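*Asks:* Questions regarding the structure given below will be posed in turn.
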Amino acid sequence: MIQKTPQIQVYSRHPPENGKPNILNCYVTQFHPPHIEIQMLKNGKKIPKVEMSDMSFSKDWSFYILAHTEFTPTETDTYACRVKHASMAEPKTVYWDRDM
Amino acid sequence: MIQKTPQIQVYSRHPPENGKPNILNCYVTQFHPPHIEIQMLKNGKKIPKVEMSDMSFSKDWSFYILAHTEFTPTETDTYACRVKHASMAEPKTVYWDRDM
Amino acid sequence: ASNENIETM
Amino acid sequence: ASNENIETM
Amino acid sequence: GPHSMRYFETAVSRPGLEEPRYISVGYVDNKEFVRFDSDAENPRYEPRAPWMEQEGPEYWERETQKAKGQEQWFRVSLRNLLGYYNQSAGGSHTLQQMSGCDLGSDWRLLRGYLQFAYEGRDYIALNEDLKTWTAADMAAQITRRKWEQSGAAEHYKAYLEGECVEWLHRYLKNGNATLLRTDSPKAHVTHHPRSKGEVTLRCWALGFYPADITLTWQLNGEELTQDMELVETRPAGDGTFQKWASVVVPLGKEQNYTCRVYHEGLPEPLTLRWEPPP
Amino acid sequence: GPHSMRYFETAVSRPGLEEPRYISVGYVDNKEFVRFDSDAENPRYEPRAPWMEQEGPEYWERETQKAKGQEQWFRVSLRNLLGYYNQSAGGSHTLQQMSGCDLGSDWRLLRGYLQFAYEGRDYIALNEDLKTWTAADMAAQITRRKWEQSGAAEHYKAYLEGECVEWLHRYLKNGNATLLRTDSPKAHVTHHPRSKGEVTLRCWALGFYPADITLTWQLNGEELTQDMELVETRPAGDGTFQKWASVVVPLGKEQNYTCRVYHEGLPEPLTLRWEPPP
């Protein structure tokens, strides 16, 4: 029953340019227990090739994961990250904002 | 393992006057789990006749207890309340201060 | 008067 | 190099 | 003014064999009026307000029977939650419930209340509409889906808008003399010289009921915000409450400070200052 | 500058039968250099920094053997704690450990570290003296008394002032080229027009290493405090970090604002402003 809600940041590795390959990151932090489910979505559909960092924890004891995927952004595409965790009643979806 | 540290207030029911009977209160709040041990001490010795309110909880779900004892304060006597709880590594002693 | 729960958690 | 705990909790 | 009724229920699971303790505490206008405790030698709902003696033996038997069923419900619910959160088998856990209604001065229902906590943390709550649920985490969502399926909110809404309001009307009438009563705060200022030519001025409010009170310190008719120390309102143990508010002022300037006490029991707000002895 | 070594250990108990997972992660100057994971098909400590390949097969076998013992220690410790807190039998729990040393620029020991968490909350910590213990609650005091009796701090102090410092000296030498390296932030300002004739000015810092950085916004050489939005420093995923700081400014007044980036990797602090395109 001891639970910490994950904090999520969705962002590109490099400044985005439509048509240029890049890496989309989903940085999930400040959570407990360590079991977590992270999905990355393109146009609301699950991306199959999603890399995950290995289980790690911070000085405050909380767990963190970096999920990532290769992507080539375009004018019409949207990207998001979806997190399922014991602390949350429903999955949490955070959309990528190219200005953040 | 979910624990909330008790908050303690030690105070008299009426403004104190040396030699006049009064009631010394030990108000223990904001704790979880409900199991708690409250002692009231006079000159560092346990007072045998200590009344305890019945188990109650606040709107925030935390538990509270009012412990009390009859006492006649004097110039030389000191009074305290000692709390043992799962959230604390050692018992917590709060001395009565007649100005608080 | 008190209420009685029916469906369990 | 890592440390080994001895006395358990 | 406004009125309320609440039942605060707790089930505590104990180590190994000893079976869970079930406690139910009833409140009318934030004051305890009934109590059931499974740890009692003869477990039954008992009156905790003198005006509750007006209830016949049948009221107590019916209420006690509800508690016996509640105790069993909480046993099953504690077991289910143990399995959702995987703490599973036989440890020490808490399940709490709050339910009831709020009425206006016209005695009309303002709001129905239904909430649960597991291990002292929010678990599931009935929304203000008394139709939908808010679960606090993944495990509580299992309860929400179970309750959405079985239409559990419908029976809760029926009690909250019906029996809850109906019985509160009865209690308000039966305990009229008691419930309407207010105890006015008796206020005084204490003077505590300290370091740097300064003094603590402490404004005490004692013997008041209900617990709701406001103590303010002003410098020449101007409010003093963050620089004020306050204690949490505390019970005197006789049914009344206490509170104090203090300010650190320069010695010789005590007469520029005033304390004001606001309480519903007062004919008008109190205004007072340090009264030095002769 | 200053140096450090840490081992971050986690034991997670799993439902019913499946046995606990044990993970150990080693860090040199906040960068992962080794890892053991009991969930691996062939569990062993593996190099996570290229300079760790310099270690012979014997280093890996010895380190792996320590982890096998640690896994068993955490199993016994998890069981004991279950009994202290009465959650008892077979649920899902976490036990974590942090240990290591901090060195000065002179490579002399600054501080030894030893801490434990149960369920992600402080449990017991070795004090800075490396002699006495601070337990976080009543159950942890059982561990403290056990460890005071058996003189457990003495063996922890010996590792922290000895092997910990000794091995960190070795790693700092072996990974010299890697460990000394800094990556300078590349900074730029973005312009985001909004409501009320205002615009968000966002100062980005990208591609930097170590993660430590300071981004400040100034209005005509004067610091801007609470009115500044910041993101937490985040990994780019290539070994470098990112951070941004923003201010809401009036449109037409963008040239009065400057951003400054402070990073140990820079020849001097960066100074930049919104550069409108032609």
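Every residue, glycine among them, receives a Cβ derived from its backbone with ideal geometry; neighbour counts consider all protein chains shown. Nothing in this text is a laboratory measurement; each read-out follows from the coordinates by a stated rule.
*Asks:* What's the local net charge at E:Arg121, with K and R +1, D and E -1, over the other residues with C-beta under 11 Å away?
*Replies:* -3
*Asks:* Ranking E:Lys131, B:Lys4 by Cβ neighbours within 10 Å, fewest first, what do you get?
*Replies:* Placing the least packed residue first, the sequence is E:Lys131, B:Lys4.
*Asks:* Can you compute the radius of gyration and Dmax for chain A, using only the Cα atoms, both in Å?
*Replies:* 13.8, 46
*Asks:* Now a separate question. Taking square-rooted eigenvalues a ≥ b ≥ c of the alpha carbon gyration tensor, is the range B:14-71 rounded, prolate or oblate, where a/c under 1.5 means rounded and, failing that, a/b exceeding b/c means prolate?
*Replies:* Because a/c hits 1.5 or more and a/b exceeds b/c, the range B:14-71 counts as prolate.
*Asks:* Under 10 Å, Cα contacts only: if you run a Gaussian network model on chain F, which one of F:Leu266, F:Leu224, F:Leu160 comes out with the highest mean-square fluctuation?
*Replies:* In this elastic network of chain F, the residue with the biggest mean-square fluctuation among F:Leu266, F:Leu224, F:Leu160 is F:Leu224.
*Asks:* Any idea which of E:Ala125, E:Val189, E:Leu172 is furthest toward the positive side of the dipole for chain E, if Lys and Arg beta-carbons carry +1 and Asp and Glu beta-carbons -1?
*Replies:* Of E:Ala125, E:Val189, E:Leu172, it is E:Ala125.
*Asks:* So how far apart, in nm, are the two label points at E:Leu266 and F:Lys173 if each is 7 Å from Cα heading toward Cβ?
*Replies:* 7.7
*Asks:* Label position 7 Å from Cα toward Cβ: report the copy-to-copy distances for F:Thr134 in nm, one decimal, ordered from shortest.
*Replies:* 3.6
*Asks:* I'd like to compare A:28-36, B:37-45: which one has the highest average count of other Cβ atoms within 10 Å, and what's the full order after that?
*Replies:* A:28-36, B:37-45
*Asks:* Then there is this: In terms of the Cα gyration tensor, with a ≥ b ≥ c the square roots of its eigenvalues, is the range F:182-272 rounded because a/c is under 1.5, prolate because a/b exceeds b/c, or oblate?
*Replies:* Since a/c reaches 1.5 and a/b is larger than b/c, the shape of the range F:182-272 is classed as prolate.
*Asks:* Moving on. Per-residue ellipticity at 222 nm for chain E, helices alone: DSSP H runs ≥ 4 residues times -39500 (n - 2.57), over residue total, nearest 500 deg cm²/dmol?
*Replies:* When only DSSP H runs of four or more count, the value is -8000 deg cm²/dmol.
*Asks:* Take every Cα-Cα pair in the range E:182-223 and report what % of them are more than 12 Å apart.
*Replies:* Taking all Cα-Cα pairs of the range E:182-223, the fraction more than 12 Å apart is 69 percent.
*Asks:* Let's see if you can work this out: charge +1 on each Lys and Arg Cβ, -1 on each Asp and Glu Cβ, no other charges. What is the dipole magnitude of chain E about its Cα centre, in debye to the nearest 20?
*Replies:* With only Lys, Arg, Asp and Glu charged at Cβ, the dipole is about 340 debye.
*Asks:* Give the nm distances, rounded to one decimal, from F:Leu251 to the matching residue in every other copy, measuring between label points 7 Å along Cα toward the beta carbon; shortest first.
*Replies:* Nearest to farthest, the other copies are at 6.3 nm.
*Asks:* In addition: Springs between alpha-carbon atoms under 10 Å, Gaussian network over chain F: tell me which of F:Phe116, F:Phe33, F:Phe241 tops the mean-square fluctuations.
*Replies:* Checking each option, the largest mean-square fluctuation is seen for F:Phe241.
*Asks:* Which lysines does B:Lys20 reach when only Cα atoms under 17 Å apart count, and residues fewer than 8 places away in its own chain are ignored?
*Replies:* Partners found: B:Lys42.
*Asks:* Still on this model: Given the options E:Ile124, E:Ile23, E:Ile142, state which has the largest fluctuation in a GNM of chain E using a 10 Å cut-off (strictly under) for Cα springs.
*Replies:* Highest fluctuation among the options: E:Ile142.
*Asks:* Using a cut-off of 14 Å between beta-carbons, work out the net charge of the residues near E:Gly69 (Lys and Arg +1, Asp and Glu -1, E:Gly69 not included).
*Replies:* Result for the neighbourhood of E:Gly69: -1.
*Asks:* Any idea which of F:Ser92, F:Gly69, F:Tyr59 is furthest toward the positive side of the dipole for the range F:52-93, if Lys and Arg beta-carbons carry +1 and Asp and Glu beta-carbons -1?
*Replies:* Farthest towards the positive end: F:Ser92.
*Asks:* How large is ³J(HN,Hα) for each residue in the range E:58-68, as worked out from phi by the Karplus curve 6.51 cos²θ - 1.76 cosθ + 1.60 (θ = phi - 60°), to whole Hz, x for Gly and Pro?
*Replies:* For the range E:58-68, the Karplus curve yields 4, 4, 5, 5, 4, 4, 4, 4, 4, 5, 5 Hz.
*Asks:* Could you work out the equivalent-ellipsoid semi-axes for the range F:141-197, taking the square root of 5 times each eigenvalue of the Cα gyration tensor, largest first, in whole Å?
*Replies:* Taking √(5λ) for each Cα gyration eigenvalue gives 48, 27, 5 Å.
*Asks:* List the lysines whose Cα sits under 18 Å from the Cα of F:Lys146, skipping any in the same chain fewer than 8 residues away.
*Replies:* F:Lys131, F:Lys157
*Asks:* Find the all-direction average of the projected area of the Cα convex hull for the range E:2-70, expressing the result in square nanometres with one decimal place.
*Replies:* Answer in nm², one decimal: 5.3.
*Asks:* Moving on to the next point. Shortest first and in nm to one decimal, what separations exist between E:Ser195 and its copies in the other chains, measuring from label points 7 Å along the Cα-to-beta-carbon line?
*Replies:* From this label point to the equivalent ones elsewhere in the assembly: 4.9 nm.
*Asks:* Return the Rg/Rh value of chain F, two decimal places, where both radii are evaluated on C-alpha atoms and Rh is the Kirkwood radius.
*Replies:* Rg/Rh: 1.08.
*Asks:* Let me ask something else. Given E:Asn256, E:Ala205, E:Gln226, which one lies farthest toward the positive end of the charge dipole of the range E:182-272, if we put +1 on the Cβ of every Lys and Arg and -1 on the Cβ of every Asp and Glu?
*Replies:* Value: E:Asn256.
*Asks:* Hey, got the average number of other protein chain Cβ atoms within 10 angstrom for residues in F:82-94?
*Replies:* Mean inter-chain Cβ contacts per residue within 10 Å come to 6.
*Asks:* Same structure again: For a distance above 18 Å, tell me the whole-number percent of Cα pairs in the range E:38-124 that qualify.
*Replies:* 63
*Asks:* While we're looking at this one, here's another question. With the alpha-carbon atoms as the only input, what is the per residue convex hull volume for the protein assembly as shown in Å³?
*Replies:* 245
*Asks:* Work through the residues other than F:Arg144 whose Cβ is under 11 Å from its Cβ and net out their charges, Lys, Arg +1 and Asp, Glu -1.
*Replies:* -1
*Asks:* Given the C-alpha centroids of the range F:83-146 and the range F:21-79, what is the distance between them in whole angstrom?
*Replies:* 20
*Asks:* I've got another one for you. Rounded to the nearest 20 debye, what is the charge dipole size of the protein assembly as shown about its Cα centre when +1 sits on each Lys and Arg Cβ and -1 on each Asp and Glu Cβ?
*Replies:* Dipole about the Cα centre, nearest 20: 180 debye.
*Asks:* I've got another one for you. Explain nothing, just the number: relative contact order of chain F, from Cα pairs under 8 Å at least 6 residues apart, as a whole percent.
*Replies:* 13
*Asks:* Tell me, what is the percent relative contact order of chain A, built from C-alpha pairs under 8 Å that lie six or more residues apart?
*Replies:* 34
*Asks:* With a 10 Å Cβ neighbour count serving as the proxy for reagent exposure, in which order, fewest first, do D:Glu7, F:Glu41 appear?
*Replies:* F:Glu41, D:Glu7
*Asks:* With N set to the number of residues, divide the alpha-carbon radius of gyration of the range F:83-233 by 2.2 N^0.38 Å and report two decimals.
*Replies:* 1.58
*Asks:* Can I ask one more? Pairs of alpha-carbon atoms within less than 8 angstrom and 6+ residues apart define the contacts here; what relative contact order does the range E:181-278 have, in percent?
*Replies:* Relative contact order for the range E:181-278 comes out at 34 percent.
*Asks:* Using the 10 angstrom Cβ neighbour count as an exposure proxy, how do E:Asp129, E:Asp137, E:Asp102 rank, fewest first?
*Replies:* Exposure proxy ranking, most exposed first: E:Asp129, E:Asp102, E:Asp137.
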